[PDB]
């Protein structure tokens, strides 16, 4: 039972109204879409609890993607921020600029992408849940999760102090690993966790380097603005 304005004529990225807390995952696919210049629409979901949405993403969160298959026979879906980067890379990164060009590049890209998807990503998600969203305060839990984030930063800092290692996965250029990691390893997010981001210098330098890319800047401007235009919810134009 789909809304009237939801049509998949191309890649549709499902987001929510842009706030300080809401954009950290939805920006990831948006960065890669801007990097490759993939033609896409933005659907701002009013309620992720709406039954029509759980059909797209059964976990009932954003970002989510609908896009018709290469042959046009079926409608593809991608949900979980890591899964949306992997789909966009697969479908639109022809030369593997962000997805990797051979087995050697992909081995590292998947190591560092997966590290974020399994460690920093969920730890930071659980930190924020118990910090704000949980009905009671559990500071012993919150302290241990904060302590685990410093161990993730330690591992990222270690990697970026290896010779000529400008980016997490590859030495030469950024990848879906770097895009997936950035929003949980930059000064604004470090300050939210109550950490001094200066304690991991090569990680901070890397965060600034990624931040100065135009595709990242554009993604940050756009994701903040979604649902503050005259049309608040639904497909945007």
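Numbering follows the first chain given and starts at 1.
Note on 72-80 vs 121-129: mean CA B-factor is higher in 72-80.
Comparing the deposited coordinates for 148-156 and 133-141, the stretch with the larger average C-alpha B-factor is 133-141. The residue among 174, 29, 51, 183 whose C-alpha atom has the highest B-factor in the PDB entry is 51.
In the deposited entry, the Cα temperature factor of residue 178 sits in the bottom third of values across the chain's modelled residues. Sort the modelled residues of the chain by CA B factor and residue 108 lands in the lowest third. Sort the chain's modelled residues by C-alpha temperature factor and residue 166 lands in the middle third, per the entry. The entry lists a Cα temperature factor for residue 209 that places it in the middle third of the chain's modelled residues. Ranked by Cα temperature factor within the chain, residue 91 sits in the highest third according to the deposited record.
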